[PDB]
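Only one chain is included here, represented as structure tokens and corresponding to the form deposited in one PDB entry.
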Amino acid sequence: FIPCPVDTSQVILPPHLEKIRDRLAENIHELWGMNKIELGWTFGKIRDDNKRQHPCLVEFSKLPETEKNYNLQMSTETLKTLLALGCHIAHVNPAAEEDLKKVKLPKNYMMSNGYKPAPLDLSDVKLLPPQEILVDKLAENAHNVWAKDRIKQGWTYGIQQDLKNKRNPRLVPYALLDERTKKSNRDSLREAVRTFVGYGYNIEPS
């Protein structure tokens, strides 16, 4: 397995998309905590897999920019993958950014940091069927990209994951992956294109 992702080598992000790139990476983390908290993770000085404790389970801006600019980066490439696939993104709708409301999580989510995630309630943002085919590409590119950095880091495939060694159970082509994760991946990137709409951006090629 060698992942061959889309060549974003020549795409350059325009400055008017800095806000939406920033404002998207802000929500990808709020979904991250929410999902971790739903699996039982808590806050800790450093990550503890045994205790299920994470240090980066803090407000987005408070993150270490080493582990924080990975959000902006992994999201910057998520916008630069759209321009490559033929789109152009334009902020056409002014009124969207005000009706935008964030989810009210139950109070048991607030932790030692007094921090409770607030994902966007993109409940009614139902993407047009053309925008669904787009997600399946991004949902697939996200795997080939994530696996591409793995092999350069040195990683290999194992029966189950060994955190110490380079062995992982999901360094396989997209065809071998499980339906649960394939949908899990596209569940997030569906919620990402929903964010461009939630702020009023048009995902239309000319």
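If you superpose the two forms and keep the largest set of C-alpha atoms that fall within 1.5 Å, you have the rigid core. Residue numbers here begin at 1 and follow the sequence given.
The stretch with the higher mean CA B factor, choosing between 30-38 and 56-64, is 56-64. For the pair 17-25 and 187-195, the mean B factor over Cα atoms is greater in 17-25. Of the candidates 130, 117, 114, 106, the one whose C-alpha carries the top B factor in the deposited record is 114. When the C-alpha B factors of 138, 175, 46, 145 are read from the deposited coordinates, the top value falls at 46. When all modelled residues of the chain are sorted by CA temperature factor, residue 166 is found within the highest third. Ranked by Cα temperature factor within the chain, residue 150 sits in the highest third according to the deposited record.
Residue 110: CA B factor lies in the middle third for its chain, per the PDB record. Ranked by C-alpha B-factor against the other modelled residues of its chain, residue 200 falls in the middle third. When all modelled residues of the chain are sorted by CA temperature factor, residue 85 is found within the lowest third.
The discussion below concerns the form deposited in another entry, not included here.
Taking the rigid core as fixed, one finds a CA shift for residue 39 smaller than 2 Å between this form and the one not shown. Relative to the superposed rigid core, residue 48 undergoes a CA displacement of at least 2 Å between this form and the one not shown.
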